[PDB]
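Residue numbers begin at 1 in each chain, while the letters A, B, ... track the order of the sequences. For the numbers below, each heavy atom of this structure counts, side chains included, while hydrogens, waters and symmetry mates do not.
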Amino acid sequence: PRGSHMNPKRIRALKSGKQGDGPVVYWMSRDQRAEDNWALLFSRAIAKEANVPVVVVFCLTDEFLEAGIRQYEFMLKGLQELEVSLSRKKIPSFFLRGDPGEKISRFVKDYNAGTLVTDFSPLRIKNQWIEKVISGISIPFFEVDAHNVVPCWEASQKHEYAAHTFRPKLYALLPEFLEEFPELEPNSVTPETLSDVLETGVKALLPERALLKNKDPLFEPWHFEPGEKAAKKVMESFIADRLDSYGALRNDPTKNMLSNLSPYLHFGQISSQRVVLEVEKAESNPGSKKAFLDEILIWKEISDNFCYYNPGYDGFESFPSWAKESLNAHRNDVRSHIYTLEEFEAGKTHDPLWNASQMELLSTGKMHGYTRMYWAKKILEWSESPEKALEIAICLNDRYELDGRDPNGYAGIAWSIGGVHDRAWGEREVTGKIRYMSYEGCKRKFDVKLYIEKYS
DNA sequence: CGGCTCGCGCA
DNA sequence: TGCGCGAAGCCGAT
Ligand SMILES: Cc1cc2nc3c(=O)[nH]c(=O)nc-3n(C[C@H](O)[C@H](O)[C@H](O)COP(=O)(O)OP(=O)(O)OC[C@H]3O[C@@H](n4cnc5c(N)ncnc54)[C@H](O)[C@@H]3O)c2cc1C
(Lines give C-alpha, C1' and ligand atoms only; values in the text may rest on other atoms or scores of the structure.)
Protein backbone atom coordinates (compact mmCIF):
# COMPACT_ATOMS: atom_id res chain seq x y z
CA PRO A 1 0.00 0.00 0.00
CA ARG A 2 2.11 3.09 0.93
CA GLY A 3 5.64 3.95 2.22
CA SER A 4 8.90 5.09 0.61
CA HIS A 5 11.07 2.76 2.57
CA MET A 6 8.59 -0.13 2.19
CA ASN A 7 9.19 -2.66 -0.56
CA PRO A 8 5.76 -3.93 -1.72
CA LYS A 9 7.23 -7.36 -2.52
CA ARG A 10 7.41 -8.08 1.24
CA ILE A 11 3.59 -8.04 1.53
CA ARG A 12 1.03 -10.28 -0.18
CA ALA A 13 -2.75 -10.48 0.09
CA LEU A 14 -4.31 -13.54 1.70
CA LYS A 15 -7.86 -12.18 1.35
CA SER A 16 -9.33 -9.22 -0.49
CA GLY A 17 -12.23 -7.17 0.82
CA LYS A 18 -13.56 -3.78 1.82
CA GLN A 19 -11.46 -1.77 4.27
CA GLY A 20 -13.14 -1.45 7.64
CA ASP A 21 -13.44 1.73 9.67
CA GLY A 22 -11.60 0.38 12.72
CA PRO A 23 -7.98 -0.09 13.77
CA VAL A 24 -5.37 -2.20 12.02
CA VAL A 25 -4.69 -5.45 13.88
CA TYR A 26 -1.26 -7.12 13.72
CA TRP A 27 -1.49 -10.85 14.46
CA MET A 28 2.01 -11.38 15.85
CA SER A 29 3.12 -15.02 15.76
CA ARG A 30 6.72 -15.53 14.61
CA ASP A 31 8.44 -12.11 14.82
CA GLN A 32 8.11 -11.30 18.53
CA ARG A 33 9.89 -7.95 18.54
CA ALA A 34 9.11 -4.26 18.26
CA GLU A 35 12.19 -3.10 16.34
CA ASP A 36 13.21 -4.18 12.83
CA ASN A 37 9.83 -5.83 12.21
CA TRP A 38 8.42 -5.35 8.70
CA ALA A 39 5.06 -6.82 9.72
CA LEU A 40 4.66 -4.24 12.50
CA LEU A 41 5.96 -1.43 10.28
CA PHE A 42 3.64 -2.24 7.36
CA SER A 43 0.74 -2.53 9.80
CA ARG A 44 1.68 0.97 10.98
CA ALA A 45 1.95 2.46 7.48
CA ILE A 46 -1.55 1.24 6.62
CA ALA A 47 -2.89 2.59 9.92
CA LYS A 48 -1.29 5.98 9.25
CA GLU A 49 -2.90 6.22 5.80
CA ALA A 50 -6.32 5.22 7.14
CA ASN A 51 -6.00 7.58 10.16
CA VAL A 52 -6.51 4.69 12.59
CA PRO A 53 -4.52 3.08 15.41
CA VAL A 54 -2.58 -0.17 15.16
CA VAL A 55 -2.84 -2.92 17.79
CA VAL A 56 -0.96 -6.18 18.32
CA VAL A 57 -2.81 -9.43 19.07
CA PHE A 58 -1.00 -12.57 20.22
CA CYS A 59 -2.77 -15.93 20.58
CA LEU A 60 -1.30 -18.28 23.17
CA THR A 61 -2.10 -21.81 21.99
CA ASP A 62 -2.02 -25.22 23.65
CA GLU A 63 1.22 -25.86 21.74
CA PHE A 64 3.34 -25.24 24.86
CA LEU A 65 2.13 -28.52 26.39
CA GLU A 66 4.03 -30.44 23.71
CA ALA A 67 7.26 -28.63 24.59
CA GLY A 68 8.77 -27.96 28.02
CA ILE A 69 9.15 -25.13 30.53
CA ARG A 70 12.52 -24.11 29.06
CA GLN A 71 10.85 -22.74 25.92
CA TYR A 72 7.71 -21.52 27.70
CA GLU A 73 9.64 -19.31 30.12
CA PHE A 74 11.95 -18.09 27.35
CA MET A 75 9.01 -16.95 25.21
CA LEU A 76 6.79 -15.57 27.98
CA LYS A 77 9.51 -13.41 29.55
CA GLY A 78 10.29 -12.01 26.10
CA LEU A 79 6.63 -11.09 25.62
CA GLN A 80 6.48 -9.41 29.03
CA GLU A 81 9.31 -7.15 27.86
CA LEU A 82 7.61 -6.64 24.48
CA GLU A 83 4.43 -5.49 26.23
CA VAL A 84 6.38 -2.67 27.89
CA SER A 85 8.16 -1.81 24.63
CA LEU A 86 4.94 -1.41 22.64
CA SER A 87 3.26 0.49 25.49
CA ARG A 88 5.89 3.24 25.23
CA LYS A 89 5.02 3.49 21.52
CA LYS A 90 1.34 3.84 22.53
CA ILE A 91 0.59 0.50 20.83
CA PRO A 92 -1.71 -1.69 22.97
CA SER A 93 -0.98 -5.42 22.94
CA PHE A 94 -3.70 -8.03 23.47
CA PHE A 95 -2.92 -11.60 24.54
CA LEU A 96 -5.55 -14.27 23.86
CA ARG A 97 -5.83 -17.97 24.70
CA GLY A 98 -7.02 -20.88 22.58
CA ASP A 99 -7.33 -21.77 18.91
CA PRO A 100 -6.21 -18.81 16.74
CA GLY A 101 -8.65 -19.79 13.99
CA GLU A 102 -11.52 -19.12 16.40
CA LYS A 103 -10.08 -16.44 18.69
CA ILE A 104 -8.59 -14.13 16.04
CA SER A 105 -11.83 -14.04 14.03
CA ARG A 106 -13.74 -13.28 17.23
CA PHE A 107 -11.35 -10.44 18.11
CA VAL A 108 -11.55 -8.91 14.63
CA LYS A 109 -15.34 -8.83 15.07
CA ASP A 110 -15.32 -7.65 18.70
CA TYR A 111 -12.75 -4.89 18.07
CA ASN A 112 -14.27 -3.89 14.69
CA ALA A 113 -10.90 -4.22 12.97
CA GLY A 114 -10.42 -2.56 9.60
CA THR A 115 -7.44 -4.54 8.31
CA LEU A 116 -5.67 -7.68 9.52
CA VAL A 117 -1.92 -8.25 9.14
CA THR A 118 0.21 -11.23 10.16
CA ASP A 119 3.80 -12.36 9.75
CA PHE A 120 4.98 -15.24 7.57
CA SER A 121 5.78 -18.78 8.68
CA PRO A 122 5.88 -21.84 6.38
CA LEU A 123 4.79 -24.27 9.12
CA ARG A 124 1.73 -26.44 8.57
CA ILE A 125 -0.26 -25.25 11.59
CA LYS A 126 0.12 -21.59 10.59
CA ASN A 127 -1.40 -22.24 7.15
CA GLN A 128 -4.27 -24.06 8.88
CA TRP A 129 -4.96 -21.15 11.23
CA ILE A 130 -4.89 -18.62 8.38
CA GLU A 131 -7.44 -20.56 6.33
CA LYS A 132 -9.72 -20.81 9.37
CA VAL A 133 -9.40 -17.04 9.88
CA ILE A 134 -9.99 -16.26 6.19
CA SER A 135 -13.39 -17.97 6.25
CA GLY A 136 -14.44 -16.07 9.38
CA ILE A 137 -13.41 -12.51 8.52
CA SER A 138 -14.69 -10.02 5.95
CA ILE A 139 -11.88 -7.42 6.15
CA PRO A 140 -8.64 -7.57 4.10
CA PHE A 141 -5.99 -10.00 5.35
CA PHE A 142 -2.34 -9.40 4.45
CA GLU A 143 0.84 -11.37 5.11
CA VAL A 144 4.35 -9.92 5.47
CA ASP A 145 7.70 -11.74 5.49
CA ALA A 146 9.50 -10.18 8.45
CA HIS A 147 11.80 -13.18 9.09
CA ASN A 148 13.68 -13.62 5.80
CA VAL A 149 15.84 -10.94 4.21
CA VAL A 150 14.38 -11.81 0.80
CA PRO A 151 10.67 -12.76 0.96
CA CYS A 152 10.28 -16.52 0.69
CA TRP A 153 7.89 -16.46 -2.28
CA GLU A 154 10.29 -14.08 -4.08
CA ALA A 155 13.63 -15.83 -3.53
CA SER A 156 12.50 -18.95 -5.41
CA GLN A 157 9.35 -20.40 -6.96
CA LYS A 158 10.12 -24.06 -6.21
CA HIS A 159 11.93 -26.45 -3.89
CA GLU A 160 15.69 -25.90 -4.07
CA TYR A 161 17.68 -29.13 -4.39
CA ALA A 162 20.95 -27.80 -2.95
CA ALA A 163 22.62 -24.67 -1.62
CA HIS A 164 24.73 -24.18 -4.77
CA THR A 165 21.52 -23.59 -6.75
CA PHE A 166 19.95 -21.27 -4.16
CA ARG A 167 23.11 -19.26 -3.44
CA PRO A 168 23.22 -17.27 -6.73
CA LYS A 169 19.47 -16.60 -6.55
CA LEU A 170 19.62 -15.14 -3.03
CA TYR A 171 22.83 -13.14 -3.49
CA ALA A 172 21.42 -11.55 -6.67
CA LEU A 173 18.42 -10.10 -4.79
CA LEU A 174 20.47 -8.81 -1.84
CA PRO A 175 21.10 -5.34 -3.40
CA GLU A 176 17.33 -4.81 -3.52
CA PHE A 177 16.11 -6.25 -0.21
CA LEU A 178 19.11 -5.63 2.07
CA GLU A 179 18.20 -2.21 3.45
CA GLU A 180 18.04 -0.40 6.78
CA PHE A 181 14.96 -0.25 9.00
CA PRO A 182 12.95 2.93 9.58
CA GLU A 183 11.91 3.69 13.14
CA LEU A 184 8.53 2.62 14.47
CA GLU A 185 6.31 5.67 14.83
CA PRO A 186 4.14 5.84 17.97
CA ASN A 187 0.35 5.90 17.79
CA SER A 188 -1.29 9.31 17.54
CA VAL A 189 -4.80 8.00 18.39
CA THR A 190 -5.70 5.60 21.32
CA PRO A 191 -8.36 2.79 21.73
CA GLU A 192 -5.26 -11.23 30.00
CA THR A 193 -2.31 -11.00 32.41
CA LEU A 194 0.96 -12.57 31.27
CA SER A 195 2.02 -13.09 34.90
CA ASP A 196 -1.04 -15.36 35.20
CA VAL A 197 -0.54 -17.19 31.89
CA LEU A 198 3.04 -17.86 33.01
CA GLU A 199 2.10 -19.31 36.42
CA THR A 200 -0.76 -21.35 34.95
CA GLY A 201 1.49 -22.83 32.26
CA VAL A 202 4.41 -23.79 34.49
CA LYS A 203 2.07 -25.57 36.92
CA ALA A 204 0.94 -27.70 33.96
CA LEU A 205 4.43 -28.44 32.58
CA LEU A 206 5.88 -29.25 36.02
CA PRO A 207 5.36 -33.06 35.84
CA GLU A 208 7.04 -33.29 32.42
CA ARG A 209 10.18 -31.47 33.60
CA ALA A 210 13.56 -33.06 32.85
CA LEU A 211 15.14 -34.03 36.17
CA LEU A 212 18.16 -35.73 37.71
CA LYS A 213 18.39 -38.73 40.06
CA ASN A 214 17.91 -36.75 43.28
CA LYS A 215 15.07 -34.71 41.63
CA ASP A 216 17.12 -31.66 40.55
CA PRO A 217 16.25 -30.10 37.17
CA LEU A 218 18.79 -30.59 34.39
CA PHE A 219 17.97 -27.37 32.54
CA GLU A 220 20.28 -24.44 33.33
CA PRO A 221 18.25 -21.28 32.57
CA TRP A 222 21.06 -18.75 33.11
CA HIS A 223 22.94 -19.37 29.84
CA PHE A 224 20.52 -17.35 27.66
CA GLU A 225 18.70 -14.27 28.92
CA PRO A 226 15.46 -13.94 26.89
CA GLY A 227 14.15 -10.75 25.33
CA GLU A 228 14.75 -8.23 22.59
CA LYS A 229 17.35 -6.29 24.59
CA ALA A 230 19.49 -9.29 25.57
CA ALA A 231 19.42 -10.54 21.98
CA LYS A 232 20.98 -7.23 20.90
CA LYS A 233 23.94 -7.69 23.27
CA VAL A 234 24.46 -11.31 22.19
CA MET A 235 24.85 -10.12 18.59
CA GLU A 236 27.07 -7.22 19.70
CA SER A 237 29.39 -9.52 21.66
CA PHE A 238 29.59 -11.96 18.73
CA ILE A 239 30.60 -9.34 16.16
CA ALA A 240 33.12 -7.77 18.55
CA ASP A 241 34.66 -10.85 20.21
CA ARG A 242 33.72 -14.03 18.33
CA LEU A 243 33.14 -13.17 14.66
CA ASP A 244 36.85 -12.82 13.81
CA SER A 245 37.51 -16.49 14.66
CA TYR A 246 34.15 -17.88 13.50
CA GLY A 247 35.48 -19.21 10.20
CA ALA A 248 38.18 -21.27 11.93
CA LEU A 249 36.44 -22.51 15.10
CA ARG A 250 32.73 -22.84 14.22
CA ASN A 251 33.07 -26.65 14.18
CA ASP A 252 34.94 -26.90 17.50
CA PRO A 253 32.38 -27.66 20.26
CA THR A 254 35.04 -27.05 22.93
CA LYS A 255 35.14 -23.37 21.85
CA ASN A 256 32.13 -21.11 22.46
CA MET A 257 32.66 -19.45 19.08
CA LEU A 258 29.14 -19.59 17.63
CA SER A 259 26.75 -16.65 17.42
CA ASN A 260 24.26 -18.23 19.89
CA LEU A 261 21.51 -16.33 18.04
CA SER A 262 19.23 -19.24 17.10
CA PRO A 263 16.96 -19.20 20.22
CA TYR A 264 16.37 -15.47 19.73
CA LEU A 265 16.10 -15.92 15.96
CA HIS A 266 13.56 -18.74 16.34
CA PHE A 267 11.20 -16.67 18.51
CA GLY A 268 11.79 -13.56 16.40
CA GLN A 269 13.33 -11.60 19.27
CA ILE A 270 15.92 -10.24 16.80
CA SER A 271 15.87 -9.65 13.05
CA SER A 272 18.31 -11.64 10.94
CA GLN A 273 18.29 -8.69 8.54
CA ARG A 274 19.61 -6.52 11.36
CA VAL A 275 22.36 -9.05 12.11
CA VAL A 276 23.34 -9.21 8.43
CA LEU A 277 23.43 -5.41 8.18
CA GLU A 278 25.84 -5.20 11.13
CA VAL A 279 28.07 -8.08 9.99
CA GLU A 280 28.27 -6.61 6.48
CA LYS A 281 29.57 -3.33 7.94
CA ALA A 282 32.00 -4.94 10.40
CA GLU A 283 35.66 -5.09 9.36
CA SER A 284 36.53 -8.67 10.30
CA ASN A 285 38.15 -11.75 8.76
CA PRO A 286 36.86 -11.99 5.15
CA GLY A 287 36.73 -15.79 5.34
CA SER A 288 34.83 -15.69 8.63
CA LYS A 289 32.40 -13.05 7.32
CA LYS A 290 31.43 -15.11 4.27
CA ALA A 291 31.16 -18.30 6.34
CA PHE A 292 28.69 -16.70 8.76
CA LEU A 293 26.74 -14.98 5.97
CA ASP A 294 26.30 -18.35 4.28
CA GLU A 295 24.72 -19.63 7.51
CA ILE A 296 22.28 -16.86 8.44
CA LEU A 297 21.27 -16.14 4.81
CA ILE A 298 21.54 -19.27 2.66
CA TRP A 299 21.00 -22.13 5.09
CA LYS A 300 18.48 -20.24 7.24
CA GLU A 301 16.29 -19.01 4.38
CA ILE A 302 16.55 -22.22 2.34
CA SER A 303 15.06 -23.99 5.37
CA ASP A 304 11.96 -21.83 4.95
CA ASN A 305 12.02 -22.77 1.26
CA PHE A 306 12.12 -26.47 2.18
CA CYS A 307 9.13 -26.31 4.53
CA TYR A 308 7.15 -23.89 2.36
CA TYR A 309 7.27 -26.08 -0.76
CA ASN A 310 7.34 -29.54 0.90
CA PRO A 311 4.33 -29.94 3.23
CA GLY A 312 5.63 -33.31 4.41
CA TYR A 313 8.85 -31.63 5.54
CA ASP A 314 8.91 -33.77 8.72
CA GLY A 315 8.32 -37.06 6.91
CA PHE A 316 10.25 -39.74 5.06
CA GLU A 317 8.41 -38.90 1.82
CA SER A 318 10.15 -35.51 1.54
CA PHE A 319 13.51 -37.26 1.09
CA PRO A 320 15.08 -37.30 -2.39
CA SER A 321 14.47 -40.35 -4.55
CA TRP A 322 18.06 -41.60 -4.30
CA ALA A 323 17.96 -41.44 -0.49
CA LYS A 324 14.58 -43.17 -0.23
CA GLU A 325 15.75 -46.00 -2.49
CA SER A 326 18.99 -46.42 -0.51
CA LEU A 327 17.32 -46.34 2.91
CA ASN A 328 14.64 -48.77 1.70
CA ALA A 329 17.24 -51.29 0.55
CA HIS A 330 18.88 -51.37 4.01
CA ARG A 331 15.72 -51.72 6.12
CA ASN A 332 16.49 -55.39 6.82
CA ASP A 333 20.16 -54.85 7.70
CA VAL A 334 21.14 -55.75 11.26
CA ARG A 335 21.87 -52.73 13.45
CA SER A 336 24.92 -52.72 15.70
CA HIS A 337 22.70 -51.36 18.48
CA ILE A 338 19.00 -50.60 18.85
CA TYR A 339 17.92 -47.93 21.34
CA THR A 340 14.42 -46.76 22.22
CA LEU A 341 13.23 -43.17 22.59
CA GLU A 342 13.77 -43.31 26.35
CA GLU A 343 17.35 -44.59 26.00
CA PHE A 344 18.29 -41.81 23.58
CA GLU A 345 16.55 -39.28 25.83
CA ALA A 346 18.50 -40.21 28.98
CA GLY A 347 21.85 -40.47 27.19
CA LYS A 348 22.41 -44.17 27.86
CA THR A 349 24.04 -45.32 24.63
CA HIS A 350 27.43 -46.99 24.30
CA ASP A 351 28.96 -43.86 22.71
CA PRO A 352 30.20 -41.31 25.29
CA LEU A 353 30.48 -38.63 22.59
CA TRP A 354 26.82 -39.08 21.67
CA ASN A 355 25.85 -39.12 25.36
CA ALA A 356 27.74 -35.89 26.04
CA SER A 357 25.89 -34.27 23.12
CA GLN A 358 22.54 -35.22 24.66
CA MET A 359 23.76 -33.95 28.04
CA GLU A 360 24.52 -30.57 26.46
CA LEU A 361 21.02 -30.48 24.95
CA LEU A 362 19.36 -31.33 28.27
CA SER A 363 21.42 -28.94 30.39
CA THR A 364 21.74 -25.86 28.16
CA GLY A 365 18.99 -26.35 25.57
CA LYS A 366 21.38 -25.56 22.70
CA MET A 367 23.72 -28.28 21.44
CA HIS A 368 26.78 -27.22 19.47
CA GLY A 369 26.20 -27.08 15.73
CA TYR A 370 28.83 -29.66 14.79
CA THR A 371 27.71 -32.31 17.29
CA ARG A 372 24.09 -31.93 16.15
CA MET A 373 25.05 -33.73 12.92
CA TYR A 374 26.81 -36.55 14.80
CA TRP A 375 23.88 -36.67 17.23
CA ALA A 376 21.22 -37.18 14.54
CA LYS A 377 23.20 -39.51 12.27
CA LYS A 378 23.85 -42.00 15.08
CA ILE A 379 20.11 -42.09 15.83
CA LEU A 380 19.57 -43.40 12.30
CA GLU A 381 22.44 -45.86 12.74
CA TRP A 382 21.02 -47.27 15.99
CA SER A 383 17.25 -47.35 15.43
CA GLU A 384 14.67 -49.82 14.14
CA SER A 385 13.89 -47.99 10.90
CA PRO A 386 14.37 -44.64 9.14
CA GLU A 387 10.88 -43.59 10.28
CA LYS A 388 11.61 -44.24 13.95
CA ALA A 389 14.93 -42.40 13.58
CA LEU A 390 13.10 -39.42 12.06
CA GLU A 391 10.48 -39.56 14.83
CA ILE A 392 13.09 -39.67 17.61
CA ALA A 393 15.34 -36.97 16.16
CA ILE A 394 12.41 -34.58 15.68
CA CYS A 395 10.95 -35.40 19.10
CA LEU A 396 14.15 -34.73 21.04
CA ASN A 397 14.98 -31.69 18.88
CA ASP A 398 11.58 -30.06 19.42
CA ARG A 399 11.36 -31.00 23.11
CA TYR A 400 14.75 -29.83 24.42
CA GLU A 401 16.14 -27.29 21.91
CA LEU A 402 15.32 -23.64 22.58
CA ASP A 403 15.30 -23.16 18.80
CA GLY A 404 13.07 -26.21 18.35
CA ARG A 405 9.83 -26.41 16.37
CA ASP A 406 11.58 -24.42 13.64
CA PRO A 407 12.09 -24.79 9.87
CA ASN A 408 15.84 -24.84 10.55
CA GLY A 409 15.14 -28.01 12.56
CA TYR A 410 13.09 -30.05 10.11
CA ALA A 411 15.48 -29.08 7.30
CA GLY A 412 18.50 -29.82 9.49
CA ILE A 413 17.08 -33.20 10.49
CA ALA A 414 16.10 -34.07 6.91
CA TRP A 415 19.66 -33.22 5.88
CA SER A 416 21.12 -35.49 8.56
CA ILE A 417 18.90 -38.53 7.96
CA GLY A 418 17.39 -38.16 4.48
CA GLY A 419 20.23 -36.42 2.64
CA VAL A 420 18.12 -33.33 1.90
CA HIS A 421 20.26 -30.50 0.48
CA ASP A 422 23.12 -33.02 0.46
CA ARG A 423 24.53 -35.65 -1.92
CA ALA A 424 25.30 -39.36 -1.90
CA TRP A 425 28.39 -40.84 -0.27
CA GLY A 426 30.11 -44.20 0.09
CA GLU A 427 27.83 -47.22 0.38
CA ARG A 428 27.44 -48.62 3.89
CA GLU A 429 25.17 -50.98 5.82
CA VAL A 430 22.03 -49.54 7.56
CA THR A 431 22.77 -45.91 6.40
CA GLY A 432 23.37 -46.83 2.80
CA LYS A 433 24.52 -43.77 0.85
CA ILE A 434 23.68 -41.21 3.55
CA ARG A 435 26.68 -39.13 4.64
CA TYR A 436 28.55 -41.01 7.36
CA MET A 437 30.20 -39.54 10.45
CA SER A 438 32.38 -41.47 12.88
CA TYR A 439 33.77 -41.10 16.38
CA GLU A 440 37.30 -41.25 14.95
CA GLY A 441 36.65 -38.43 12.48
CA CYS A 442 35.70 -36.04 15.28
CA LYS A 443 38.89 -36.92 17.16
CA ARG A 444 41.10 -35.49 14.41
CA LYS A 445 38.99 -32.30 14.31
CA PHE A 446 38.55 -31.33 17.98
CA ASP A 447 39.43 -32.45 21.49
CA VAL A 448 36.62 -34.97 22.00
CA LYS A 449 37.82 -35.77 25.52
CA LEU A 450 37.26 -32.19 26.71
CA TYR A 451 33.73 -32.10 25.28
CA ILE A 452 32.92 -35.43 26.97
CA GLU A 453 34.29 -34.30 30.34
CA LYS A 454 32.47 -30.96 30.10
CA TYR A 455 29.09 -32.77 30.06
CA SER A 456 29.82 -35.87 32.16
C1' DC B 1 30.03 -32.25 -17.85
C1' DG B 2 31.52 -29.52 -13.32
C1' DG B 3 30.72 -29.26 -8.64
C1' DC B 4 28.72 -30.10 -4.60
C1' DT B 5 28.33 -27.69 4.13
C1' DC B 6 32.12 -36.56 5.18
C1' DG B 7 36.53 -40.10 6.08
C1' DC B 8 41.26 -41.13 5.02
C1' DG B 9 46.53 -40.93 4.34
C1' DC B 10 50.42 -37.77 4.80
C1' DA B 11 53.15 -33.46 5.70
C1' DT C 1 45.65 -29.10 12.12
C1' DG C 2 45.69 -28.36 6.56
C1' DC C 3 45.55 -30.32 2.21
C1' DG C 4 44.12 -33.46 -1.66
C1' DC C 5 41.94 -37.33 -2.85
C1' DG C 6 37.94 -40.89 -2.99
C1' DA C 7 33.12 -42.30 -3.57
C1' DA C 8 28.93 -41.27 -4.99
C1' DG C 9 23.92 -39.12 -7.62
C1' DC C 10 22.07 -35.27 -9.76
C1' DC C 11 21.10 -30.43 -10.98
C1' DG C 12 21.51 -27.06 -14.64
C1' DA C 13 24.02 -24.40 -17.54
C1' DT C 14 24.25 -25.49 -22.71
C1 LIG D 1 20.25 -32.27 13.61
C2 LIG D 1 20.10 -30.78 13.52
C3 LIG D 1 18.98 -30.17 14.04
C4 LIG D 1 18.81 -28.77 13.97
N5 LIG D 1 17.75 -28.21 14.63
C6 LIG D 1 17.60 -26.91 14.61
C7 LIG D 1 16.55 -26.30 15.32
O8 LIG D 1 15.71 -26.95 15.93
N9 LIG D 1 16.48 -24.93 15.31
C10 LIG D 1 17.39 -24.17 14.65
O11 LIG D 1 17.24 -22.94 14.70
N12 LIG D 1 18.42 -24.71 13.96
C13 LIG D 1 18.52 -26.02 13.93
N14 LIG D 1 19.51 -26.63 13.19
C15 LIG D 1 20.58 -25.74 12.72
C16 LIG D 1 21.71 -25.50 13.72
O17 LIG D 1 21.77 -26.52 14.72
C18 LIG D 1 21.51 -24.15 14.40
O19 LIG D 1 21.12 -23.18 13.43
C20 LIG D 1 22.76 -23.65 15.13
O21 LIG D 1 23.53 -24.77 15.55
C22 LIG D 1 22.42 -22.78 16.32
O23 LIG D 1 23.64 -22.21 16.85
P24 LIG D 1 24.16 -20.82 16.35
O25 LIG D 1 22.99 -19.95 15.89
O26 LIG D 1 25.04 -20.19 17.37
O27 LIG D 1 25.01 -21.20 15.07
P28 LIG D 1 25.72 -20.13 14.13
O29 LIG D 1 26.96 -20.79 13.54
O30 LIG D 1 25.98 -18.89 14.89
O31 LIG D 1 24.64 -19.89 13.01
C32 LIG D 1 24.10 -18.57 12.77
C33 LIG D 1 22.68 -18.71 12.27
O34 LIG D 1 22.69 -19.35 10.97
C35 LIG D 1 21.57 -20.22 10.85
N36 LIG D 1 22.06 -21.58 10.63
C37 LIG D 1 23.27 -22.09 11.02
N38 LIG D 1 23.45 -23.35 10.69
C39 LIG D 1 22.27 -23.69 10.04
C40 LIG D 1 21.82 -24.88 9.45
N41 LIG D 1 22.54 -26.01 9.41
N42 LIG D 1 20.59 -24.88 8.89
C43 LIG D 1 19.87 -23.76 8.92
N44 LIG D 1 20.19 -22.57 9.45
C45 LIG D 1 21.41 -22.60 10.00
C46 LIG D 1 20.73 -20.05 12.11
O47 LIG D 1 19.70 -19.08 11.90
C48 LIG D 1 21.77 -19.57 13.13
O49 LIG D 1 21.18 -18.80 14.17
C50 LIG D 1 19.79 -27.98 13.35
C51 LIG D 1 20.93 -28.62 12.82
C52 LIG D 1 21.09 -29.98 12.89
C53 LIG D 1 22.33 -30.62 12.31
When rounded to whole Å, the NE2 to P distance for the pair A:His164 and B:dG2 reads 14 Å

For atom CD of A:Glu325 and atom P of C:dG9, their distance in whole Å: 10 Å

Taking only the side-chain heavy atoms of A:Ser438 (C-beta and beyond), determine which of C:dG9, C:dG12, B:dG7 contains the nearest atom. B:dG7

Between A:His159 and A:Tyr313, does any side-chain donor sit less than 3.5 Å from a side-chain acceptor? no

Mark yes or no for whether A:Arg335, through its side chain, and A:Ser383, through its backbone, hold a donor-acceptor pair below 3.5 Å. yes

Let me know the distance between CD1 of A:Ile417 and P of B:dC6, rounded to the nearest Å. 18 Å

Would you classify A:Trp322 as touching base, sugar-phosphate or nothing, given that sugar-phosphate means primed atoms plus P, OP1 and OP2, and contacts are heavy atoms under 4.0 Å? sugar-phosphate

Looking at B:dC6, I'd like to know if its phosphate oxygens (OP1 or OP2) sit under 4.0 Å from a side-chain N or O belonging to A:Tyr370. yes

Is any side-chain N or O of A:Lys433 closer than 4.0 Å to OP1 or OP2 of C:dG9? yes

Picking from C:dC11, B:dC6, C:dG9, the nucleotide nearest the side-chain atoms of A:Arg423 would be C:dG9

If the P atom of C:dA7 is compared with that of B:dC10, how far apart are they to the nearest Å? 16 Å

Under the convention that a positive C1'-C2'-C3'-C4' torsion is north and a negative one south, the sugar ring of C:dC11 is south

Are A:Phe344 and A:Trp354, when compared by the centres of their aromatic rings, separated by less than 6.0 Å? yes

A:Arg10: which of A:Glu176, A:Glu143, A:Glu154, A:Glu179 passes salt bridge (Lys or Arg N to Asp or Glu O under 4.0 Å): A:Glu179

Which side the sugar of C:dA8 sits on, once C1'-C2'-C3'-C4' is checked for sign: north

Expressed as a whole number of angstroms, how long is the span from A:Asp252:CG to C:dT1:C1'? 11 Å

Rounded to the nearest angstrom, tell me the gap between atom OH in A:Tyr161 and atom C1' in B:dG3. 13 Å

In Watson-Crick or G-U wobble terms, with both distances under 3.5 Å, the base opposite C:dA8 is none

When the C1' atoms of B:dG2 and C:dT14 are considered, how many whole Å apart are they? 13 Å

Side-chain N or O of A:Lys445 versus OP1/OP2 of C:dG2: is the shortest distance under 4.0 Å? no

ring-ring contact (aromatic ring centres under 6.0 Å, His included), that's the test. Do A:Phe181 and A:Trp38 meet it? Break it down for me. CA-CA 8 Å; A:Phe181 290 100; A:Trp38 286 128; 4.8 Å; yes

In whole Å, what separates the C1' atom of B:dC4 from that of C:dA13? 15 Å

B:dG7 P sits how many Å from A:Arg435 CZ, rounded? 9 Å

So among A:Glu81, A:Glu73, A:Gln80, which one has a side-chain hydrogen bond (donor to acceptor under 3.5 Å, both in side chains) with A:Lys77? A:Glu73

Over how many whole Å does the gap from A:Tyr436 atom OH to C:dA8 atom P extend? 15 Å

Would you state whether a donor and an acceptor, one from the side chain of A:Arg428 and one from the base of C:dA8, lie under 3.5 Å apart? no

Rounded to whole Å, please give me the gap between NE2 in A:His159 and P in C:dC11. 10 Å

Counting side-chain heavy atoms from C-beta on, which of C:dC11, B:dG7, C:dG9 comes nearest to A:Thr165? C:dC11

A:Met437 has a side chain; which of C:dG9, B:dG7, C:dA7 sits nearest to it? B:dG7

